Every structure is written in structure tokens, then in C-alpha cells.
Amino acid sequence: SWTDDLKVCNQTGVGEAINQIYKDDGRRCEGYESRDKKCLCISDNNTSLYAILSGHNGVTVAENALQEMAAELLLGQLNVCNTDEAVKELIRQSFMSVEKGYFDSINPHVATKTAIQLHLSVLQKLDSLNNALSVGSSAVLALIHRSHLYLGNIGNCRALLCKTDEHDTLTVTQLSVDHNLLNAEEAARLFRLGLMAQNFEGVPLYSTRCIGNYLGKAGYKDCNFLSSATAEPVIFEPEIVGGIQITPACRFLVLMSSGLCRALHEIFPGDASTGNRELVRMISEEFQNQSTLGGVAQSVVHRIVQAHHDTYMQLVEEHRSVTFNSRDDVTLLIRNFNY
């Protein structure tokens, strides 16, 4: 619609750090293209959207997905549905047809791959290029519709609500569901497909659900390394939580992109929720120290990314294990109810 234009939320602060490849040398290689796509859109007095879409191996899908979901639920298909169930169904449908749109788009691309692969059983290399149908996107979108918070996510991106309770202080509570190996249920799903952890060595933080990525869906076989599986590994089944009544007790909402989750887990060690607490310490220390909302967000991001490169550099300093060696686009969104 392009979201880029839609009115901006003065109650939301943004932090961004651009993807990096860390050189052993010491130097780095920042990208140009961000693969993270954001929205902090006010459609109307009641309706507003906060979303991060993390593009994988490409920006095409994340771009297209944000534009389409804004279009499917912003102008303004929301006043026709009362019940929380109907609003949930609205967002559920919005994902469904973002995926429908993907598979209509790549339709010929696969028919081109199979066409050239059929003539095998002078350039040839463009066959690798042709496996550009590995492009897809994680997504997290919080939709505040008139004192009610709705949350639809798929893949790596994450959503946190910070509540203060009966003797305080700050209770972090993840509304998102991680669709990757940080989530045992997902590990067990893969286990059951005939996959093992060793199949995912060297592959950063593979989301086990996402928009698009034909290569991990139908024709996962043309993975090497998705190829042992006995059924499609990457399923399309987003998670939708409905009608969280934003109360005076609800303090602020935190949206995390894929890059950000990856980074946190690489520096914080284990258990995919210690990372959260340390992100929300980190910010709660920042709103005693800063005043501008986008400044708080940019300071916290800026800490982590160098906390990340220190962890890398303090790994190359000691016995050079070196698990990670890069950074994806880090993005942080803080929607604030109570300063």
C-alpha cells in the first residue's frame, strides 16, 4: 500500500543494524540491501499494524508479503468483523493468500528448473541461479485493533509482551512461537521426518516454517541436506493468538526480527528465552537512561551487535571454535503503552 507511506506511530521506536559478514582479519562486510522489512502503520484511530518480515536468501518475498498483508487487513476490512475469532480468521486468511501468491509467482520457475533437469537424466551454471526459489520470509505481525492485540507469526521473528504485575517488576511473556530448532516441538517434527541435528550444521538458524521457500517445501529433494527427509520439512502453518486485551498493566511490546533472534541465541547461550530476559533487561535499563523511543531501540540494538562481534572476537581470541561468523539484519521494534 506501500506501507512506507502510511502514517507513522509516534508511540514506536526503531533500532536497525545492517547485516554483516565478519572477517577473520578484523574488518567487516556490511551489506547494502536490508533483507528485513518493517511496518509501524496507523490505518485508523483504532487500527494499527506492527510487523517485521525477515527475508531469507532474498528480499523479494518479504517485500511482497508485507505489501499484501497490509492490503488485506488495513483498508479497511476490520470493521466488518466483531468477534476476536473473525479477526483471527482475517489474519489467517491474509497469510494463506500471501503463500498462494508465492506459489502462483514461482510456478513457471519450477517448471523451468524441472525442464532443464529433465534434459539431464552449454551454460549449466544458471541451474544454481535457478535455485533462487530458495527465497522466502519469516514474519511477525502484531495488529492492535481497538484495545485488543492480535498476533500472527511464522518462522524466526518473535513477539514479546512486557507486563508489570502485583509486586512488579517486569514479566516477559512471548506471544510468538519460534518455528526453528530452538523449539523442541519443531525439533521433534523434524526427527519424525527422518531428519537429525547434524543435517543443520553450518546452516545458521533455519526457520522450519516460513512464507515461500519452494526449495524447502515441494522439491526439498534438490536440497542436499534437506534431502534425507521423508516428507516436506518446511511446512506453512503460522501461529495466531487472538484478542489480548491491552490493559494498564501491559507496558510495551517488543518485535524481534530473525537476525536479532539469531544474534541473541549465539551470545545468550541456550534456552531461547534467557535471550528474551536479557533483551528486556537491556531495554528496561535503557528507558531510565534515554528519552527518545527510537533512541532506546537504536541503543539496545547497537549494544547487542557488538556484544555479538565481541563474542565472535573473544572466540577467535581463545581456542578458535568459531560457530557463527556473520550477522543478519538486526531489527528491533518497541511499541510503548507505558513509558
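Note that residue numbering follows the sequence shown and begins at 1.
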item: Where residue 121 meets residue 122 in the shown sequence, the number of deposited residues left unmodelled; value: 10 or more
item: Average Cα temperature factor in the PDB entry - higher stretch of 193-201, 77-85; value: 77-85
item: Segment of higher mean CA temperature factor, 141-149 or 161-169; value: 161-169
item: Where the record places residue 323 (Cα B-factor, split into thirds across the chain); value: highest
item: Chain thirds of CA B-factor: placement of residue 136; value: lowest
item: Residue 101 - which third its CA temperature factor falls in, relative to the rest of the chain; value: middle
item: Among modelled residues of the same chain, the CA temperature factor third for residue 277; value: highest
item: Chain thirds of CA B-factor: placement of residue 108; value: lowest
